[PDB]
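So the chains spell out like this:
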Protein chains: 6
Amino acid sequence: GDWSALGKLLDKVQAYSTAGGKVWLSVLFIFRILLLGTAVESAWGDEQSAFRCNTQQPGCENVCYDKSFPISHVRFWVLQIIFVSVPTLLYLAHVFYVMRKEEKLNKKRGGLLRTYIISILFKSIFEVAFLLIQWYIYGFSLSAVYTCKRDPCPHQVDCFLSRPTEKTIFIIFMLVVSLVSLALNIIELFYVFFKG
Amino acid sequence: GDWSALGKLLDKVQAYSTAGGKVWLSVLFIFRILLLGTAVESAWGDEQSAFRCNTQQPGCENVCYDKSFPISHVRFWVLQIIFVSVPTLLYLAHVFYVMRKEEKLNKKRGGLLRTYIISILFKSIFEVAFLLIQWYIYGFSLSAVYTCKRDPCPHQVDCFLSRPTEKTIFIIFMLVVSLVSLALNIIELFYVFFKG
Amino acid sequence: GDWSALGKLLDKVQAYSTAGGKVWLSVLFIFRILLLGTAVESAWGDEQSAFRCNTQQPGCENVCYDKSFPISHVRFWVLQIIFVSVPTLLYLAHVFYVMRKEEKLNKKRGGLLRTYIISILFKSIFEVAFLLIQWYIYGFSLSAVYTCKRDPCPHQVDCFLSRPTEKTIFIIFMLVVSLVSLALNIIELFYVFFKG
Amino acid sequence: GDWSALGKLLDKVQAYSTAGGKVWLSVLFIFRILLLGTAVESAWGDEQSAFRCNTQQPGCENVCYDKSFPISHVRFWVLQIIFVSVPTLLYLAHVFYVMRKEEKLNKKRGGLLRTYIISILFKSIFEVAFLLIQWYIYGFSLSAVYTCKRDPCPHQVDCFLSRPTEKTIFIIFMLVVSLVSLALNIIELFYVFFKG
Amino acid sequence: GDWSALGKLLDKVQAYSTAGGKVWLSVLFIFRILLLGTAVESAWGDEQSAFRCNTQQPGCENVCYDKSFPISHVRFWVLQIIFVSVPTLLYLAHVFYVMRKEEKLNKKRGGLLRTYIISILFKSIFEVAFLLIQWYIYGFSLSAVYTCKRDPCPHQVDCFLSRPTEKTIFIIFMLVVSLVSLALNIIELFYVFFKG
Amino acid sequence: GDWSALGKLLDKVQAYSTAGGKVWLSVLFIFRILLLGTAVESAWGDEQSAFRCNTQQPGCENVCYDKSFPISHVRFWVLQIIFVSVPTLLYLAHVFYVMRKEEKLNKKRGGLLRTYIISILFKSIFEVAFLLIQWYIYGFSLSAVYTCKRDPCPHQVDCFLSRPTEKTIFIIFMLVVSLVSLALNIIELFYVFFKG
C-alpha cells in the first residue's frame with residue numbers, strides 16, 4: 001500500500017524540534033518504513049499457502065493456522081507505526097494555531113513545551129504498551145514445529161511453519177530498533193528537563 | 001485502486017470549517033484510507049481460495065460461500081467511505097458560487113451555515129444507516145464454522161472459514177473508529193448551535 | 001490500467017458549461033471511474049478460475065463459460081465510459097478554434113450552442129443505446145445455476161457461477177447511476193431551451 | 001508496461017499539423033493506447049493456462065499451442081503502435097533543425113512539406129502492410145475448436161481455446177479503428193494536395 | 001522494475017553530440033527500453049512453470065531446465081543495456097569539470113574529442129563482445145525439443161519448451177536492432193574523423 | 001518496494017565531496033539499486049515453490065529449505081545497501097549544523113574533515129564485515145544438490161535447488177562490484193591523506 005498522505009504531514013513539521021526528534025524521524029523513515037516496504041513484507045508473502053499439517057481431517061489446517069497466528073507480525077508493526085506518529089500531529093495543531101494568532105497580531109514557558117512533553121510521553125507509553133503486548137502474546141522466537149489442540153481436529157496434531165529462521169532474524173531486528181527508539185525519547189526528555 | 005481524483009477535491013476545502021472538521025478529515029485520511037490501503041485489504045486477499053467445505057458434491061462450495069458472504073466487508077467499507085464524503089462537496093458548490101458573485105461585485109446568517117448543517121446531518125444519517133445495515137446483516141463477530149443449508153448440496157454441510165480472528169479484530173477496529181466519527185459530528189453541531 | 005491521458009482532456013474543459021455539466025463530470029469521476037478502479041474490478045478477478053461444471057468431458061467448461069459470458073460486464077462498462085466522453089471533446093475543438101480566431105483578431109446564437117446541444121444529444125443516445133444492448137443481452141440479475149446446451153458436451157449440463165449476489169448488487173448500482181446520468185442530460189437540455 | 005518516454009515526444013509536436021493530424025493523435029491516444037492499457041490486455045491474461053487439449057501424450061499441449069498462436073495479438077498490436085509513430089519524429093528532426101538555423105540568423109515550398117508528406121505515406125504503407133500481414137496469418141475470427149497435426153502428438157488432436165468470442169469482438173474493433181486511421185491519412189493528403 | 005535514476009542522467013546530456021548520437025539515444029529509448037518494458041518481458045513470464053519433461057524421476061526437471069537455460073535472454077539484454085550506457089557518463093564527467101573551470105575563469109583539439117572517441121569505441125567493443133557471447137552460447141534459434149543428458153536423470157530425456165516461436169521472433173528483432181546500433185557508431189566515428 | 005525517502009537524502013548531498021564520492025554514489029545508484037530493482041529480484045521470485053525434495057514424509061521440505069537458506073541473498077543485499085549509506089547522513093548533520101551557525105553569523109582543519117574520514121572508515125568496515133559474514137555462511141557457489149540431515153525427516157535426504165547457475169552469476173557479480181566499492185574508499189582516503 002501507498003504511504004503518501006502521512007508523508008506530507010510528517011514533512012510539514014521538520015524545523016520545530018531538536019536534533020533528537022530529527023534523527024528519530026530519520027530512523028522512523030529509513031529503518032521502519034523502507035525496510036518494511038522492500039524486504040520485510042515480501043518475506044510474509046506466503047504465510048498460509050506454505051503452511052502444512054500432518055493429517056487428513058478437512059479444515060484442520062484452517063483452525064490450526066488461526067490458533068497459531070491470531071494476527072500477523074507485519075500488520076501488528078503497521079498498527080504500531082500508525083499509533084506512535086499521531087501524538088506529534090497535535091504539535092502541528094499548536095503551530096498553525098499560534099501563527100494564526102500572530103497573524104491576528106498582524107491585523108490589529110507557555111503551553112507549547114507542555115504540549116510537546118505530553119505528546120512525547122504519550123508516544124513513549126504507546127511504544128512500551130505495544131512491546132508489552134508483543135511480549136505477552138508471541139514471545140520473541142518462532143519454533144519450527146507447532147502442536148495444535150483444537151476442534152474439529154482429532155487428539156493432537158503437529159504443523160510445520162514456513163521459514164522459522166528468516167522471520168526470527170527480522171523479529172529480533174525490529175525489537176532492537178524499537179528499543180533504540182524507546183531510549184531516544186528518554187534522552188530527549190532528560191535534555192529538555194535539563195534545559196528546563 | 002488509486003485514490004487521486006477525490007484527493008484534490010478533499011484537499012481543495014481545508015480552511016472553511018472549524019478544528020473539528022479538520023481532525024475529522026484527518027481521521028478520515030489516516031485511520032480509514034491508509035489503513036485500508038496497506039493492511040486491511042491484504043488480509044482479505046484469499047477469501048474464496050482458502051474457503052473449504054466438507055463434502056464431495058460439485059458446486060456446493062460456490063453456493064455455500066455465496067450464502068455466507070453476500071458482500072465482502074472491504075467493499076462495504078469502500079462504499080461507506082464514498083457515501084459519506086460527497087455531502088461535503090456541495091459546500092464547495094456554495095463557495096465557488098459566492099466568490100464568483102463577489103467576483104461579479106468586483107466588476108460592477110445566510111444560506112452558507114444552513115448548507116453546512118444540512119450537509120453534516122446528511123453525512124451523519126448516512127453513517128448511522130450504514131452502521132444499522134451492518135448490524136442487521138453480519139453482526140460483529142465471525143465464527144470459525146458455518147452451517148450451510150442450500151441447494152444443490154445435500155441435507156446440511158459445514159464449511160470452515162479463513163482467518164476468523166484477524167478479521168474480527170479489524171471489524172471491531174472499524175466499528176470503534178466509525179463510532180468516534182459519529183460522535184464528532186454531534187460535538188461540532190452542538191458547538192455551532194451554541195455559537196448560533 | 002492507467003487513466004491519465006483522458007484525465008488532462010477532461011480537466012482542460014471545466015469552465016465552459018453550467019452547473020449540471022460540472023456535477024455530471026463529478027459523478028463521472030467519482031461514482032464511475034473510482035468505484036470501477038477500487039472495488040468493482042477486483043470482484044471480477046476470478047471469473048473463469050472459480051467457474052465449475054458438473055461433468056467429465058474435456059473442454060466442456062470452456063465452451064459453456066464462453067456461451068454464458070459473451071463479454072464481461074467490466075469491459076462493457078469500460079467501453080461505455082469511453083464512448084460517452086468523446087462527444088464533449090469536439091466542444092474543445094470549437095474553443096481552441098474560436099480563441100485562435102480571436103487571436104487572429106488580436107493581430108489585424110452562433111454554432112457554439114448548436115455544437116453543444118448536438119454533443120449532448122449524441123452522448124444521451126449513446127447512453128440509451130448501451131442500456132438497451134445490456135437489457136437485450138444479459139438482463140439485470142444473474143442466477144446461480146446455468147444450463148448449457150452446446151457441443152462438444154453431452155445432452156445438457158449445468159454449471160455453477162462465482163458470487164452471483166455480489167455481482168448482482170453492483171449491476172443494480174451501475175444501472176441506477178446510469179439512469180441518473182441519463183436524467184441529468186434531460187434537465188440540462190430543458191434548462192438551455194428554456195433559456196433559449 | 002509504462003508508456004512515458006514516447007509520451008513527451010508525442011506531446012512535443014502538437015501545433016505544427018492541421019486538425020486531421022490532431023484528431024489522428026487523439027484517436028491514437030484514446031482508442032488505441034488507453035483501451036489496450038485497461039481492458040484489452042487483461043483479456044489475454046490467461047492464453048496458455050486456460051488452454052486445454054484432449055490427449056495424454058506429454059508435451060502435446062505445448063507444441064499445439066505454439067502452432068495455434070505463432071504470436072499473440074496484443075504484442076502484434078504493440079509492434080504496430082510502435083512502427084507507425086516513428087515516421088512523425090523526423091518531422092521534429094526538421095523543426096529543431098530549422099529553428100536552430102533561425103537561431104543562427106539571430107546571431108549574425110521547401111523541404112518541410114516534402115518531409116511531411118513522405119512521413120505520412122510511410123506511416124500509411126506501414127499501416128497497410130501490418131493489415132495485410134494480419135489478414136494473411138490469422139484471418140479475422142477465432143473458432144472454438146482447433147485441429148492440431150504436429151509431432152510428437154499422435155495422428156490428429158483437437159484443442160479448445162479460451163474465450164473465442166470476447167477476443168473476436170476486440171479483433172473486429174481494432175480492425176475498424178485501424179481502417180478509420182487508414183482513411184484519415186487519405187483525407188489529409190488530399191487536403192494538402194488541394195492546398196498544394 | 002523502475003528505470004528512473006538513469007533517466008535523468010541520460011536526459012542531462014542531450015545537446016553535446018551530433019544528430020547521430022541523438023538518434024542513437026532515440027532508438028535506445030524507444031526500441032530497447034519501451035519494447036522490453038511492455039511486450040518482451042511479459043513473454044518470458046512463465047519460463048519454468050510451463051516447462052515440461054517426459055519422465056518420473058524427481059528433480060530431473062530442475063537440472064534439465066538449468067542446463068537448457070544458464071541465463072535468460074531478458075536479463076542478458078538488461079545487462080547489455082546497462083553496460084553500453086555508462087561509457088557516455090564520463091563525457092558528463094568532462095563537461096561538469098570544464099564548465100567549473102570556466103566558472104573558475106569567472107572568478108579570477110583538446111581532451112574533449114579524445115574522451116568522446118574513446119567512449120564511443122568502448123561502447124562499440126562492448127556491443128560486439130556481447131554479440132559474440134550470445135553467438136557462442138545460445139545461437140539464434142530455439143528448437144521445440146531439447147535433449148537432456150545430466151545426472152540424476154536416467155540415460156537421455158527430452159523436454160519440451162514453452163513458446164519456441166514467439167521467442168524466436170524477438171531474438172531476431174533484438175539482433176537486428178543491435179546490428180543497426182553497431183553500424184551507427186561506425187557512421188559517427190567516420191563523420192568525426194572526416195571532420196577531424 | 002519503493003526507494004524514494006532515501007533518494008532525496010542521497011540527492012541532498014551531491015556537491016560536498018570529491019569525484020571519487022560522486023562516482024561511488026553513481027555505482028551505488030546504477031549497479032546496485034537499479035540492477036536489484038529490475039533483474040536480480042525477479043530471479044528469486046520462486047525460491048520455495050520450485051524447491052523439491054525426494055521423499056514422502058510431510059513437512060520435510062519446509063525444514064530442509066529452512067536449513068538450506070537461513071536468509072535469502074536479496075534481503076541480505078538490501079540490508080547491506082541500508083547499512084552502508086547511513087554513515088554519510090551524519091555528514092549532512094554537519095552541514096545543516098554549520099551553515100546555521102554561519103546563519104547565526106548573518107544575524108549578529110576543523111571537525112568537518114574528521115567527521116568525513118570517520119564516516120568513510122565506518123562504511124568501509126561495514127562493507128568488509130558484510131563480506132566476511134557472507135564468506136562465512138554461504139560461500140560463493142551454489143551446488144545443484146543439497147544433502148539434508150534434520151528432524152523430522154528420516155536418515156538423509158537430498159533436495160534439488162532452483163536455477164543454481166543464474167544465481168551463481170549474480171553472486172559473482174555482486175562480489176565484484178562490492179570489491180570495487182571497497183577499493184574506491186581506499187583510493188579516496190589515500191588521496192585525502194596525501195592532500196592532508
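Conventions used here
- Residues numbered from 1 in each chain as written, not as in the entry; some residues may be left out.
- Chains lettered and ligands numbered in written order.
- Part of a larger assembly, values for the part shown.
- Heavy atoms only, no water.
- Pairing = 2+ DSSP bridges.
- Helix = DSSP H or I, 4+ residues; strand = E, 2+ residues; numbered from the N terminus.
- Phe/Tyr/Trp six-rings, centres within 6.5 Å; stacked < 30°, edge-to-face > 60°.
- Buried < 20%, exposed > 50% of the residue type's maximum accessible area, 1.4 Å probe, protein only.
- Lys NZ or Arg CZ within 6 Å of the ring centre and 35° of its normal.
- UniProt positions renumbered as here; feature names shortened; annotations may be inferred.
- Disulfide = S-S within 2.5 Å.
- Axes fitted to C-alpha atoms, helices over the stretch in contact; angles between N-to-C directions.
- Parallel < 35°, antiparallel > 145°, perpendicular 65-115°, else oblique.
- Left-handed = near helix turned anticlockwise from the far one by under 90°.
- Contact = heavy atoms within 4.5 Å.
- Nonpolar A, V, L, I, M, F, W, Y, C, P; charged D, E, K, R; others polar.
- Buried area = accessible area lost by both parts, 1.4 Å probe.
- Salt bridge = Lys/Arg side-chain N within 4 Å of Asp/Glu carboxyl O.

The deposited coordinates for this entry were obtained by cryo-EM, with a reported resolution of 3.6 Å.

With that out of the way, let us pick up the pairing of strand β3 (residues 157-160) of chain E. Residue and element names in this part refer to chain E. In this sheet, β3 lies alongside strand β1 (residues 52-53) in antiparallel orientation, the contact comprising two bridges. By the bridge assignment, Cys53 is partnered in β3 with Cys159. As defined by bridge partners, strand β2 (residues 145-148) adjoins β3 across four bridges and the pair is classed as antiparallel. Paired with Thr147 across the bridge in β3 is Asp158.

Applying the stated criterion across every chain yields a total of 60 aromatic pairs over all chains. With a centroid separation of 5.4 Å and an interplanar angle of 65 degrees, the aromatic rings of F:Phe51 and F:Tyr65 are classed as edge-to-face. Here F:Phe51, found in the loop between α2 (19-43) and β1 (52-53), pairs with F:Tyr65, found in helix α3 (residues 60-68); they are 14 residues apart in sequence, far enough to count as distant. Note on F:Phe51: relative accessible area 3%, which makes it buried. Taken together, A:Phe31, A:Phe173, F:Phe76, F:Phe83, F:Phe126 and F:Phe130 form an aromatic cluster joined through their ring pairs. The ring of B:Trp24 carries the charged tip of B:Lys123 above its face, separated from the ring centre by 3.1 Å.

Cis geometry is adopted by the peptide bond preceding D:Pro152, which originates at D:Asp151 and carries an omega value of 5 degrees. Take D:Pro152: it is sitting in the loop between β2 (145-148) and β3 (157-160). Of note in the backbone geometry, C:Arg163 takes a positive phi value of approximately 50 degrees without being a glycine. Note on placement: C:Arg163 falls in the loop between β3 (157-160) and α7 (166-194).

Here the focus is the UniProt feature "transmembrane region" in chain A. Residue and element names in this part refer to chain A. With numbering aligned to this structure, UniProt lists the feature "transmembrane region" at residues 23-43, 76-96, 117-137 and 169-189. Overall, residues 23-43 shows 100% helix and 0% strand. The separation of its end C-alpha atoms is 27 Å. Between the end C-alpha atoms of residues 76-96 the distance is 32 Å, and the span holds 76% helix and 0% strand.

Here the focus is the state of the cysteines. Residue and element names in this part refer to chain C. Taken as a whole and assessed by the stated rule, the structure comprises 18 disulfides over all chains. Through a disulfide, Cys53 is tied to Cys159; the S-S separation comes to 2.0 Å. Classification of the bridge connecting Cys53 and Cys159 rests on its S-S torsion, roughly 110 degrees, and on that basis the disulfide is right-handed. An identical accessibility class is assigned to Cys53 and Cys159; each is buried.

Below, the discussion takes up the packing of helix α2 (residues 19-43) of chain B against helix α4 (residues 73-83) of chain B. All names here are of chain B. Where α2 contacts α4, the two axes come as close as 12 Å, and the packing angle between them is 165 degrees. Judged by the angle between their axes, α2 and α4 are roughly antiparallel. Considering the relative orientation of α2 and α4, their crossing is left-handed. Within the contact between the two elements, α2 uses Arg32, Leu36, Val40 and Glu41 and α4 uses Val74, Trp77, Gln80 and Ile81. Taken together, the residues that form the contact of α2 with α4 break down as five nonpolar, one polar and two charged.

The subject of this paragraph is the UniProt feature "disulfide bond" in chain A. All names here are of chain A. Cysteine pair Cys53 and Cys153, annotated in UniProt as disulfide-bonded: S-S separation 7.5 Å, at or above the 2.5 Å cut-off, and the bond is accordingly regarded as not formed. Within the secondary structure, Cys53 sits in strand β1 (residues 52-53). Structurally, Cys153 can be placed in the loop between β2 (145-148) and β3 (157-160). In this structure the UniProt-annotated cystine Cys148-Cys159 is broken, with an S-S distance of 5.5 Å. Relative to the helices and strands, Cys148 resides in strand β2. Inspection of the secondary structure assignment puts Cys159 in strand β3.

Right, let's get into the interface of chain E and chain F. Interface size is commonly expressed as the accessible surface area that is lost when the partners come together. With 26 residues of chain E at the contact, the number on the chain F side is 26 residues. Both sides together, the interface formed by chain E and chain F hides about 2,200 Å², and carbon and sulfur atoms give 65% of it. Considering only the surface of chain E that becomes buried against chain F, E:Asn62, E:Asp66 and E:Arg75 emerge as the three largest contributors, covering 23% of it. Put simply, chain E and chain F have three salt bridges between them. Of all the elements in the fold, those that place two or more residues in the side of chain E that touches chain F are α1 (5-12), α3 (60-68) and α4 (73-83) of chain E.

Turning next to the pattern of salt bridges. For the structure shown, the criterion picks out 48 salt bridges over all chains. Here A:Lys107 ties to A:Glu103 by a salt bridge, and the two come within 3.3 Å at their closest N and O atoms. On the criterion of helical spacing, the pair formed by A:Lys107 and A:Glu103 is a turn pair, its members being four residues apart in helix α5 (residues 89-107). A:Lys107 gets classed as exposed once you look at its relative accessible area, which sits at 59%. Its relative accessible area of 35% is what places A:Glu103 among the partly exposed residues. Three or more residues are tied together by salt bridges with common partners; here these are A:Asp46, A:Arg163, A:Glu166, F:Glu47 and F:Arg75.

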